[PDB]
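Beneath this line is the structure, given in structure tokens, with notes to follow.
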Amino acid sequence: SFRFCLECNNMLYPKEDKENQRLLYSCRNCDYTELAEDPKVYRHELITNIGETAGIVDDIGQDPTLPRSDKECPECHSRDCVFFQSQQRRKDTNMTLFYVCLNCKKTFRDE
Amino acid sequence: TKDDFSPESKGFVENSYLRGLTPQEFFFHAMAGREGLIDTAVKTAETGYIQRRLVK
Amino acid sequence: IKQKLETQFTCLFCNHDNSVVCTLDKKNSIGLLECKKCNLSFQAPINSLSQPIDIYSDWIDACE
Amino acid sequence: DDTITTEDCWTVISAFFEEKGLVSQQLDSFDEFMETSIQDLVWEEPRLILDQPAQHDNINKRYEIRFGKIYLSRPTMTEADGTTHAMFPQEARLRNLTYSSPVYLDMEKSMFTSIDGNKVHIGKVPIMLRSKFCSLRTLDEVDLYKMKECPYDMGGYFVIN
Amino acid sequence: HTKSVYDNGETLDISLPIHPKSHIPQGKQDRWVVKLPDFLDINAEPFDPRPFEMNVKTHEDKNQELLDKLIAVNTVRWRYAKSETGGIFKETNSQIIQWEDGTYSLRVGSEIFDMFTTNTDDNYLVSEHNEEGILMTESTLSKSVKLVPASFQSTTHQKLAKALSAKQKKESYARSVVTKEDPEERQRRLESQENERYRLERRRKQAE
Amino acid sequence: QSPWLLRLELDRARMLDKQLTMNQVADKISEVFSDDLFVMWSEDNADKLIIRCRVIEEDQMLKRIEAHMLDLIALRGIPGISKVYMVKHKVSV
Amino acid sequence: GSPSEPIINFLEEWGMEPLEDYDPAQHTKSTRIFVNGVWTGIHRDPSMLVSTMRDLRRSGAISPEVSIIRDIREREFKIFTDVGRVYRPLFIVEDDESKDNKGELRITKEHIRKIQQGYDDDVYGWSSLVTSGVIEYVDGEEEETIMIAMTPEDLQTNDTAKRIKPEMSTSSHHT
Amino acid sequence: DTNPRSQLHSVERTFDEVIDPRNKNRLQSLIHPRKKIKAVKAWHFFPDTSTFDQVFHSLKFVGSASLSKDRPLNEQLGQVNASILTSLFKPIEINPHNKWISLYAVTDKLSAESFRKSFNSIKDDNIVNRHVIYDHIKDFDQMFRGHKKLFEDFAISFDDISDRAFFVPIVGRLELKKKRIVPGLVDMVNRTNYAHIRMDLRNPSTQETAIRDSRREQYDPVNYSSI
Amino acid sequence: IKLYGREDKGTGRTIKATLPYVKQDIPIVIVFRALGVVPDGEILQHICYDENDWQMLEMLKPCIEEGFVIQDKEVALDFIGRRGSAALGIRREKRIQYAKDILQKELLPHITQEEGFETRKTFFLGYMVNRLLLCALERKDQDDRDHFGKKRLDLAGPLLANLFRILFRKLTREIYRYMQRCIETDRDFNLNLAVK
Ligand SMILES: [Zn+2]
Ligand SMILES: [Zn+2]
Ligand SMILES: [Zn+2]
């Protein structure tokens, strides 16, 4: 996550002080400068799993084309649920199922 | 339904010609036959061109 | 690196056409327009996305 | 209630084919065209404008013409001797005519000046057979036979030459 | 540190005239902005039965007349009611109904329209002073309110559905006509007249 | 040297599957980069296998160095041979 | 082809909010509303809106050849009145849970008898069936969101000469 | 029901069936057609007499111009603040191409509170001379959209003691976005606006009051027509 | 709206947008500013709809870096106006007016045609860029070209309408030419002769 300038709404690029030895987020369109909280400047994931379970909506139980199972809900122990596979559509994607209860509407696995 | 990998959902015809196909099997079989016709009518020109170059 | 290109622009002093050459140096961020007949030189700053049309428009704005 | 058999489904399909027929899309599209599309195309650019700042006492004159309503008629045939009569598709087929109808447009002319119009025939549009603007739409079964038209014919085509 | 641009200190001695308000909000300077639907109209004028009866308009188009009838019967109005004690009181035909769930509904006669409230930030109401060219704020518009019909069986919804369904059914622009003669007769006769006058003009010019 | 730090987390399972040693990767980086980059590597027993680096406005320079490193560091094998399979051949002798 | 102005009027009447009053941070759960491919607004209760639009279309208030599509996965609600869309008719199954007729065809023997007679018991043809809500048209794009039984015998749950039907056992129940 | 007599009779029928808000029994008698939920409280819907003469516009900030987002500006103006509720807007236009809005507010909390209390309590004919000084804060770019119909939008204010609800017309909507001043035009910018503006509270003149009453005579002629 | 740059090649993955009557592609940030929304944060607000998705923000970062050089609406419109394929030598104000014209009209005409209605155009541009990013990040499959619900059939109506539009424009041009020729003679033309 990256922060924005509080006065002109531009991006806050990180900057390093030679004399003070501190990491600071500074806007290049002004003189505003705010002290950085964490040193994690950049992170790149070669193999990522985000978007696998992130594709979830709160009204997925009203879809009539989705199959319905009788798996046990971990939270409220309901007897009706709706399952589907991974929303990510790469070639390496697993065939595991995500179950959605019809009362608490949370996503849970079978393992 | 969505995410169905059963044989009947993805084009397995379990009936014979004597018994008669169901509409889903009929449509899948028509898709396969259309594939056959397209493949023949498309590869004929490439084969003819290869034969002409070989002869020349 | 200086880049020299022949352009079809019209000089506003000599009125001869197809006698305008654009010379832009991306290293020093400068652009030079020279008239092959009038021998006049126009200088304007250039950016990373600059094109000869930018310097030509800058020359037009400077002329008026 | 009672269950719905396959015969009920065939009754519903018979109702469908009794209402629509087999060439309903062609006739409906042509009827939509003739009814609204020609008028909308004419009204797309409804104003031609010519200006002339005459100085020969400066008088700025604008000349402009407006397009109004579209008028259509039933297809007609004009003979060499000058007479006219209603045309039917069998005659057009036999004599190699075109089954088409005249189109009329109202043009209004105004003469604007600042110091500082009836139906014109714009062409003939071929008529699709058995449509709302065809002569065979009204004819019943007997007059259809008298006109040498087959009652099994469904229309949906044009007769050009 | 963005230094303040303005430091001249020049000041205008402008005085604004303000009038007393008939009402004052209590506890919160909050107002709800409501979009006006097509089936609802606002008649700030007092209800006058005789001009209202004398100004009813009848049109051949049934859809337009039905829409006018629906909006007229659904229009928010008010009138002066003579009290039994001899005084005069303002009487209105519109009310606001709040249910047990906390939702609000606008009621005119027997018709009830639900309200959907959406929270809005940095939205305020201001008063324009054109003679001085400045805007004076009034209060804060915290929530935006949309008006929705309560149910299908409501007469307003049925009339709107009928009007919109029958409005797009009527579509006939081209008008039929009967041709009695050759349509190209005018063109050829005017071409003949133009050729004749061209010959006459050419002869006159050669003779001039 | 520079305050900027570059550490990359490598998958333990696939690193063991390829039968590779962290010291080997460190020597490869050292050879391709001489003394321009100081390198340290966590031992085998670490919970997460990591290997850091330090250079000796340079954030974009470090980003380009990281991209170049990810792109063209060859640990072992013949270049061009993407995958290798084992096959059994029936031969009459 | 049909005009889109009544569609926009109906949508604005039933709580649709325009784009100028839309903040993506605030509306992290609203549904985008498209009409003929034009994003015209947003809504926060798409279920009631799609139910109302479908009921209006089935009653004849909206033209039967208008497409009403709800993409739950992408949080979109698309409407098409364009010209050139290929459609086909289908029977309507009563899907209301609160109704007693759930899981059954809306068309009954009374409709068939009226069709055979040719008039209603205080012309009764195909259009009467379409505007009574027992039949409706669907195009290829709207077909992706519906669940179709092949035969009316499929709505209710060892011969060597008769053809064999799919079990469809992957789902415990079908609606 | 195309008869004008029928329409008039329907109008009087709607007028007569108004439920008294104090009548709790009749209020509980009313039932929601769909929700099937009884009514709790009621309010009369009335127009406002004292505000029809004035012109009201719905003013909104678009995007980054949000006061909540601008944390230093919000901290300077107070974390509802009377300074926000008593702010002044001054539209100045050098030319048709260049336009902006000037915003002023009271930095002091006590002065803003006193001004707001004095303004919200105007029901008599005695107004104290509150010489309040307004300080410039920020400038924004503006666009305006006009309403074809008069009562396109209306804001509703409530009054619990009288069980009424007063609504006011909205003429147009004003949208504001943050404007970055060009460094080459600061010389002309400094000559346009002012660092301070002093507001003096005075009793309205008789002629202006008569003009406003004449404007209000369109709505209410019983209590405001000139004699 | 093309997405230049191959995976792990070509340095940054810039997003350039092709515009009608414009000779060279344009980065999305510049045209976004030209429509009238300058701050980069609001550009990201228009494009993305969920701040926690750092991957799409990372993919938009090169576009922000490239577009940082332009920071004002008017210079953005001018940059649009230089490449607008018009006659060489047009003045700056006329270039800006030409950019305003080519931006209001002919840029997504199906949305709107009037002035001051570009908010919907900005939202639709954000929607298109969001769809492009969603497909690029392997979150969705590319659209099926052979899907039949995305096709249309033209019957006799539309075909005859297109043909009649062309022929009527030809007839109108003939009427215009005859009128121009006739005004030389200065006569009260019957107007039944201009029409062919
Ligand atoms: Zn900044
Ligand atoms: Zn549960
Ligand atoms: Zn020269």
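Following the order of the structure tokens, chains are lettered A, B, ..., residues in each are numbered from 1, and ligands are numbered from 1.
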
* When you get a sec, could you note down which chain H residues fall within 12 Å of chain G, using only C-alpha atoms, as a list in words? => residues 60, 61, 62, 63, 64, 66, 145, 173, 174 and 175 of chain H

Counting only C-alpha atoms and all ligand atoms, which protein, DNA or RNA residues come within 6 Å of ligand 2, given as a short mmCIF file (atom, residue, chain, number, x, y, z; two decimals) with N, CA and C atoms, in the first residue's frame?
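See part.cif below for the written result:
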data_model
loop_
_atom_site.label_atom_id
_atom_site.label_comp_id
_atom_site.auth_asym_id
_atom_site.auth_seq_id
_atom_site.Cartn_x
_atom_site.Cartn_y
_atom_site.Cartn_z
N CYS A 73 -21.38 -26.46 7.92
CA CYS A 73 -20.78 -25.15 8.10
C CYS A 73 -19.97 -25.12 9.40
N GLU A 75 -19.25 -22.55 11.28
CA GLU A 75 -19.67 -21.52 12.22
C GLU A 75 -21.04 -21.80 12.84
N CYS A 76 -22.08 -21.85 12.00
CA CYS A 76 -23.44 -21.99 12.48
C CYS A 76 -24.03 -23.37 12.25
N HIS A 77 -23.25 -24.29 11.65
CA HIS A 77 -23.63 -25.69 11.44
C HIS A 77 -24.92 -25.83 10.63
N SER A 78 -25.03 -25.05 9.56
CA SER A 78 -26.16 -25.17 8.66
C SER A 78 -26.02 -26.42 7.79
N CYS A 101 -21.81 -20.69 3.04
CA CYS A 101 -23.03 -20.97 3.78
C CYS A 101 -24.12 -19.99 3.38
N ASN A 103 -26.32 -18.76 5.58
CA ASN A 103 -26.67 -17.94 6.73
C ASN A 103 -25.57 -16.95 7.11
N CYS A 104 -24.34 -17.43 7.31
CA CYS A 104 -23.23 -16.55 7.65
C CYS A 104 -22.45 -16.07 6.44
#

Shell around region 63-70 of chain F at 10 Å using only C-alpha atoms, local window under 2 positions removed, as a CSV table (one decimal) with N, CA, C and O atoms, in the first residue's frame:
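Okay, this is what ended up in part-v7.csv:
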chain,number,residue,atom,x,y,z
A,42,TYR,N,9.4,-1.9,-1.1
A,42,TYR,CA,8.9,-2.6,-2.2
A,42,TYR,C,8.9,-4.1,-1.9
A,42,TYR,O,9.7,-4.6,-1.2
A,46,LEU,N,6.8,-13.4,-6.9
A,46,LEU,CA,7.0,-14.2,-8.1
A,46,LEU,C,5.8,-15.2,-8.2
A,46,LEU,O,5.2,-15.3,-9.3
F,6,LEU,N,18.4,-5.3,0.2
F,6,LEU,CA,17.7,-6.2,-0.7
F,6,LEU,C,17.8,-7.6,-0.2
F,6,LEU,O,18.9,-8.2,-0.2
F,7,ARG,N,16.7,-8.1,0.2
F,7,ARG,CA,16.6,-9.5,0.7
F,7,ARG,C,15.4,-10.2,-0.1
F,7,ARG,O,14.4,-9.6,-0.3
F,8,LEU,N,15.7,-11.4,-0.5
F,8,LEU,CA,14.7,-12.2,-1.2
F,8,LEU,C,14.5,-13.5,-0.6
F,8,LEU,O,15.4,-14.2,-0.1
F,29,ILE,N,26.4,-15.5,-7.3
F,29,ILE,CA,26.2,-14.1,-7.2
F,29,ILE,C,27.5,-13.3,-7.1
F,29,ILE,O,27.7,-12.3,-7.7
F,32,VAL,N,29.4,-13.4,-10.5
F,32,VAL,CA,28.8,-12.5,-11.5
F,32,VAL,C,28.9,-11.0,-11.1
F,32,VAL,O,28.8,-10.1,-12.0
F,33,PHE,N,29.1,-10.7,-9.8
F,33,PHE,CA,29.0,-9.3,-9.4
F,33,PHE,C,30.3,-8.8,-8.7
F,33,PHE,O,30.3,-7.6,-8.3
F,53,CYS,N,21.4,-8.8,0.6
F,53,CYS,CA,22.4,-8.2,-0.2
F,53,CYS,C,22.4,-6.7,0.1
F,53,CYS,O,21.4,-6.1,0.6
F,55,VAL,N,24.3,-2.9,-1.4
F,55,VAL,CA,25.1,-2.1,-2.4
F,55,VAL,C,26.3,-1.5,-1.7
F,55,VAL,O,26.2,-1.2,-0.5
F,58,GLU,N,19.3,5.9,-5.3
F,58,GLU,CA,19.7,4.6,-5.8
F,58,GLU,C,18.6,3.5,-5.6
F,58,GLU,O,18.9,2.3,-5.6
F,59,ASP,N,17.4,3.9,-5.2
F,59,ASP,CA,16.3,2.9,-5.1
F,59,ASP,C,16.0,2.3,-6.5
F,59,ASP,O,15.8,1.1,-6.6
F,60,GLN,N,15.9,3.1,-7.5
F,60,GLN,CA,15.6,2.6,-8.9
F,60,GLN,C,16.8,1.8,-9.4
F,60,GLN,O,16.6,0.8,-10.1
F,61,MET,N,18.0,2.1,-9.0
F,61,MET,CA,19.2,1.3,-9.4
F,61,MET,C,19.1,0.0,-8.7
F,61,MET,O,19.4,-1.1,-9.3
F,72,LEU,N,18.6,-13.0,-15.2
F,72,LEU,CA,19.7,-13.8,-15.8
F,72,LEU,C,20.7,-14.3,-14.9
F,72,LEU,O,21.9,-14.3,-15.2
F,73,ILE,N,20.4,-14.9,-13.8
F,73,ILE,CA,21.3,-15.7,-12.9
F,73,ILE,C,21.1,-17.1,-13.2
F,73,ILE,O,20.0,-17.7,-12.9
F,74,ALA,N,22.1,-17.8,-13.8
F,74,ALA,CA,22.0,-19.2,-14.1
F,74,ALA,C,22.8,-20.0,-13.1
F,74,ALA,O,24.0,-19.8,-12.9
I,8,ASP,N,8.5,-8.8,-18.1
I,8,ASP,CA,10.0,-8.7,-17.8
I,8,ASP,C,10.8,-8.2,-19.0
I,8,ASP,O,11.9,-8.6,-19.3
I,11,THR,N,11.2,-2.4,-19.8
I,11,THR,CA,11.2,-1.6,-18.6
I,11,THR,C,9.8,-1.5,-18.0
I,11,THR,O,9.3,-2.5,-17.5

* To do: Let me have all residues with an atom within 12 Å of ligand 3, counting only C-alpha atoms and all ligand atoms, laid out as a list in words.
  => residues 9, 10, 11, 12, 13, 14, 15, 16, 17, 18, 19, 20, 21, 33, 34, 35, 36, 37, 38, 39, 40, 41 and 42 of chain C

* To do: For chain I, work out the contacting residues on chain G at 6 Å, counting only C-alpha atoms, and write them as a PyMOL selection string.
  => chain G and resi 24+84-85+140-141

* **Surrounding residues as a PyMOL selection string, ligand 1, max 8 Å, only C-alpha atoms and all ligand atoms** => chain A and resi 4-12+26-32

With N, CA and C atoms retained, write the just-selected residues as a JSON list (two decimals), in the first residue's frame.
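In the end it all went to out.json:
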[["chain", "number", "residue", "atom", "x", "y", "z"],
["A", 4, "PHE", "N", -0.90, 8.86, -0.11],
["A", 4, "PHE", "CA", -1.02, 10.03, -0.97],
["A", 4, "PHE", "C", -0.78, 11.29, -0.15],
["A", 5, "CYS", "N", -0.43, 12.36, -0.86],
["A", 5, "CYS", "CA", -0.17, 13.65, -0.23],
["A", 5, "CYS", "C", -1.45, 14.20, 0.40],
["A", 6, "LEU", "N", -1.32, 14.77, 1.59],
["A", 6, "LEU", "CA", -2.48, 15.28, 2.31],
["A", 6, "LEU", "C", -2.86, 16.69, 1.89],
["A", 7, "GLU", "N", -2.07, 17.33, 1.03],
["A", 7, "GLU", "CA", -2.33, 18.71, 0.63],
["A", 7, "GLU", "C", -2.58, 18.88, -0.86],
["A", 8, "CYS", "N", -1.99, 18.05, -1.72],
["A", 8, "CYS", "CA", -2.23, 18.13, -3.15],
["A", 8, "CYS", "C", -2.52, 16.77, -3.78],
["A", 9, "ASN", "N", -2.70, 15.72, -2.97],
["A", 9, "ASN", "CA", -3.27, 14.43, -3.34],
["A", 9, "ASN", "C", -2.40, 13.64, -4.32],
["A", 10, "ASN", "N", -1.13, 14.00, -4.49],
["A", 10, "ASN", "CA", -0.24, 13.23, -5.34],
["A", 10, "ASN", "C", 0.40, 12.09, -4.55],
["A", 11, "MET", "N", 1.14, 11.24, -5.27],
["A", 11, "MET", "CA", 1.81, 10.10, -4.66],
["A", 11, "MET", "C", 2.98, 10.55, -3.81],
["A", 12, "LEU", "N", 3.19, 9.86, -2.68],
["A", 12, "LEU", "CA", 4.28, 10.15, -1.75],
["A", 12, "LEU", "C", 5.43, 9.18, -2.03],
["A", 26, "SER", "N", 7.92, 11.73, 0.57],
["A", 26, "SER", "CA", 7.90, 13.12, 0.14],
["A", 26, "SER", "C", 7.17, 13.24, -1.19],
["A", 27, "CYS", "N", 6.37, 14.29, -1.31],
["A", 27, "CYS", "CA", 5.69, 14.60, -2.56],
["A", 27, "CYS", "C", 6.60, 15.49, -3.41],
["A", 28, "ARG", "N", 6.79, 15.09, -4.67],
["A", 28, "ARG", "CA", 7.67, 15.84, -5.56],
["A", 28, "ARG", "C", 7.02, 17.10, -6.12],
["A", 29, "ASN", "N", 5.73, 17.31, -5.90],
["A", 29, "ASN", "CA", 5.04, 18.49, -6.38],
["A", 29, "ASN", "C", 4.98, 19.61, -5.35],
["A", 30, "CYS", "N", 5.58, 19.41, -4.18],
["A", 30, "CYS", "CA", 5.54, 20.39, -3.11],
["A", 30, "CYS", "C", 6.70, 20.09, -2.15],
["A", 31, "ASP", "N", 6.68, 20.74, -0.99],
["A", 31, "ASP", "CA", 7.69, 20.53, 0.03],
["A", 31, "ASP", "C", 7.19, 19.66, 1.18],
["A", 32, "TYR", "N", 6.01, 19.05, 1.04],
["A", 32, "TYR", "CA", 5.46, 18.21, 2.10],
["A", 32, "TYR", "C", 6.28, 16.94, 2.26]]

* Within 7 Å of chain G: residues of chain D, using only C-alpha atoms, as a PyMOL selection string -> chain D and resi 1-2+4+8+15-16+19

* Test item: residues at most 6 Å from region 24-29 of chain C, only C-alpha atoms, excluding those fewer than 4 positions along its chain, as JSON, numbers by chain -> {"C": [1, 2, 3, 45, 46]}

With N, CA and C atoms kept, could you save the residues just selected as a compact mmCIF listing (two decimals), in the first residue's frame?
# COMPACT_ATOMS: atom_id res chain seq x y z
N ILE C 1 22.20 12.95 -26.68
CA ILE C 1 22.49 12.70 -28.09
C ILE C 1 21.65 13.62 -28.97
N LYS C 2 22.33 14.47 -29.73
CA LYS C 2 21.65 15.36 -30.66
C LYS C 2 21.03 14.57 -31.81
N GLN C 3 19.80 14.93 -32.17
CA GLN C 3 19.08 14.30 -33.27
C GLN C 3 18.69 15.37 -34.27
N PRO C 45 13.44 24.66 -24.33
CA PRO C 45 13.63 23.42 -23.57
C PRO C 45 12.71 22.31 -24.05
N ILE C 46 13.17 21.07 -23.88
CA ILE C 46 12.41 19.88 -24.27
C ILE C 46 12.36 18.94 -23.08

* **Residue contacts of residue 9 (chain B) (12 Å, only C-alpha atoms) excluding same-chain residues fewer than 5 positions away, as a PyMOL selection string** => (chain B and resi 1-4+14+24-25+27-28) or (chain G and resi 165-170)

Keeping N, CA, C and O atoms for every residue in the selection just given, could you write it to a file as a tab-separated table (two decimals), in the first residue's frame?
chain	number	residue	atom	x	y	z
B	1	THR	N	-25.40	-27.20	-14.14
B	1	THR	CA	-24.96	-26.24	-13.14
B	1	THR	C	-23.50	-25.87	-13.38
B	1	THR	O	-22.79	-26.50	-14.15
B	2	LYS	N	-23.06	-24.81	-12.70
B	2	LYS	CA	-21.69	-24.35	-12.84
B	2	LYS	C	-20.72	-25.33	-12.20
B	2	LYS	O	-21.03	-25.99	-11.21
B	3	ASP	N	-19.52	-25.42	-12.80
B	3	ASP	CA	-18.41	-26.26	-12.34
B	3	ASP	C	-18.83	-27.74	-12.26
B	3	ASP	O	-18.77	-28.37	-11.20
B	4	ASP	N	-19.23	-28.28	-13.40
B	4	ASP	CA	-19.65	-29.67	-13.51
B	4	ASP	C	-18.66	-30.39	-14.41
B	4	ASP	O	-18.51	-30.03	-15.58
B	14	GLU	N	-23.54	-41.76	-23.71
B	14	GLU	CA	-23.66	-43.10	-23.15
B	14	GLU	C	-24.70	-43.95	-23.85
B	14	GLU	O	-24.76	-45.16	-23.61
B	24	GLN	N	-28.74	-32.95	-25.34
B	24	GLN	CA	-27.39	-32.50	-25.02
B	24	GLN	C	-26.35	-33.30	-25.79
B	24	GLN	O	-25.43	-32.73	-26.40
B	25	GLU	N	-26.50	-34.63	-25.79
B	25	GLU	CA	-25.60	-35.49	-26.55
B	25	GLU	C	-25.70	-35.22	-28.05
B	25	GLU	O	-24.70	-35.27	-28.76
B	27	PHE	N	-26.40	-32.30	-29.46
B	27	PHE	CA	-25.68	-31.06	-29.74
B	27	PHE	C	-24.16	-31.25	-29.68
B	27	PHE	O	-23.44	-30.71	-30.52
B	28	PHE	N	-23.67	-32.01	-28.69
B	28	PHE	CA	-22.23	-32.26	-28.60
B	28	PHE	C	-21.72	-33.07	-29.79
B	28	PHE	O	-20.64	-32.80	-30.32
G	165	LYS	N	-31.32	-40.97	-19.49
G	165	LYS	CA	-31.27	-39.55	-19.16
G	165	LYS	C	-30.17	-39.29	-18.13
G	165	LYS	O	-29.82	-40.18	-17.34
G	166	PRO	N	-29.57	-38.09	-18.14
G	166	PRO	CA	-28.52	-37.77	-17.16
G	166	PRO	C	-29.04	-37.78	-15.73
G	166	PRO	O	-30.17	-37.39	-15.46
G	167	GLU	N	-28.18	-38.22	-14.81
G	167	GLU	CA	-28.56	-38.29	-13.40
G	167	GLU	C	-28.58	-36.91	-12.76
G	167	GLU	O	-29.51	-36.59	-12.01
G	168	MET	N	-27.58	-36.07	-13.07
G	168	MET	CA	-27.39	-34.74	-12.49
G	168	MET	C	-27.35	-34.80	-10.96
G	168	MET	O	-28.10	-34.13	-10.26
G	169	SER	N	-26.45	-35.64	-10.46
G	169	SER	CA	-26.31	-35.91	-9.03
G	169	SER	C	-25.30	-35.01	-8.34
G	169	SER	O	-25.13	-35.13	-7.12
G	170	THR	N	-24.61	-34.13	-9.08
G	170	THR	CA	-23.59	-33.27	-8.48
G	170	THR	C	-24.18	-32.28	-7.49
G	170	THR	O	-23.50	-31.87	-6.54

* To do: Could you please write out, as a ChimeraX atom specification, every residue of region 55-117 of chain G that DSSP assigns to strand (DSSP E)?
  => /G:67-71,76-80,87-91

File dump, residues just selected, N, CA and C atoms, as a CSV table (one decimal), in the first residue's frame:
chain,number,residue,atom,x,y,z
G,67,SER,N,-33.6,-7.2,-22.8
G,67,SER,CA,-32.8,-8.1,-22.1
G,67,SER,C,-32.5,-7.5,-20.7
G,68,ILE,N,-32.7,-8.4,-19.7
G,68,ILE,CA,-32.4,-8.0,-18.3
G,68,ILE,C,-31.4,-9.1,-17.8
G,69,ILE,N,-30.2,-8.6,-17.5
G,69,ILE,CA,-29.1,-9.5,-17.2
G,69,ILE,C,-28.5,-9.0,-15.9
G,70,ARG,N,-28.3,-9.9,-14.9
G,70,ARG,CA,-27.7,-9.6,-13.6
G,70,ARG,C,-26.5,-10.5,-13.5
G,71,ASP,N,-25.3,-9.9,-13.5
G,71,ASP,CA,-24.0,-10.6,-13.3
G,71,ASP,C,-23.7,-10.4,-11.8
G,76,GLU,N,-22.6,-6.4,-11.7
G,76,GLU,CA,-23.1,-5.6,-12.8
G,76,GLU,C,-24.5,-6.0,-13.1
G,77,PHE,N,-25.3,-5.1,-13.7
G,77,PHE,CA,-26.6,-5.2,-14.0
G,77,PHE,C,-26.9,-4.6,-15.4
G,78,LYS,N,-27.0,-5.4,-16.4
G,78,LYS,CA,-27.0,-4.9,-17.8
G,78,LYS,C,-28.4,-5.0,-18.4
G,79,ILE,N,-28.7,-4.0,-19.2
G,79,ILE,CA,-30.0,-4.0,-19.9
G,79,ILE,C,-29.8,-3.6,-21.4
G,80,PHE,N,-30.4,-4.4,-22.3
G,80,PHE,CA,-30.2,-4.2,-23.7
G,80,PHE,C,-31.5,-4.0,-24.4
G,87,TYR,N,-33.3,-14.2,-30.1
G,87,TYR,CA,-33.9,-14.7,-28.9
G,87,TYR,C,-34.8,-15.9,-29.2
G,88,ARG,N,-35.1,-16.6,-28.2
G,88,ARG,CA,-36.0,-17.7,-28.2
G,88,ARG,C,-36.9,-17.8,-27.0
G,89,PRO,N,-38.1,-18.3,-27.1
G,89,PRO,CA,-39.0,-18.4,-26.0
G,89,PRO,C,-38.8,-19.6,-25.1
G,90,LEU,N,-39.2,-19.5,-23.9
G,90,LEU,CA,-39.1,-20.6,-22.9
G,90,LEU,C,-40.3,-20.5,-21.9
G,91,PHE,N,-40.6,-21.6,-21.3
G,91,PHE,CA,-41.6,-21.6,-20.2
G,91,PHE,C,-41.0,-21.1,-19.0

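For the residues A:99, A:19, A:3, A:66, ranking by smallest atom-to-atom distance to residue 81 (chain A) using only C-alpha atoms places A:99 first.
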
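CA of residue 168 (chain I) is positioned 7.7 Å from CA of residue 42 (chain D).
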
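Take CA of residue 109 (chain I) and CA of residue 35 (chain E): the distance between them is 27.6 Å.
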
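The protein and nucleic acid residues lying at most 10 Å from residue 54 (chain C) are residues 31, 44, 45, 46, 47, 49, 50, 51, 52, 56, 57, 58, 59 and 60 of chain C; 78, 79, 82 and 83 of chain I, with only C-alpha atoms considered and sequence neighbours fewer than 2 positions away removed.
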
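Residues in contact with residue 101 (chain D) at up to 6 Å, not including ones fewer than 3 positions away on its chain and judged by only C-alpha atoms, are residues 74, 75, 124 and 125 of chain D.
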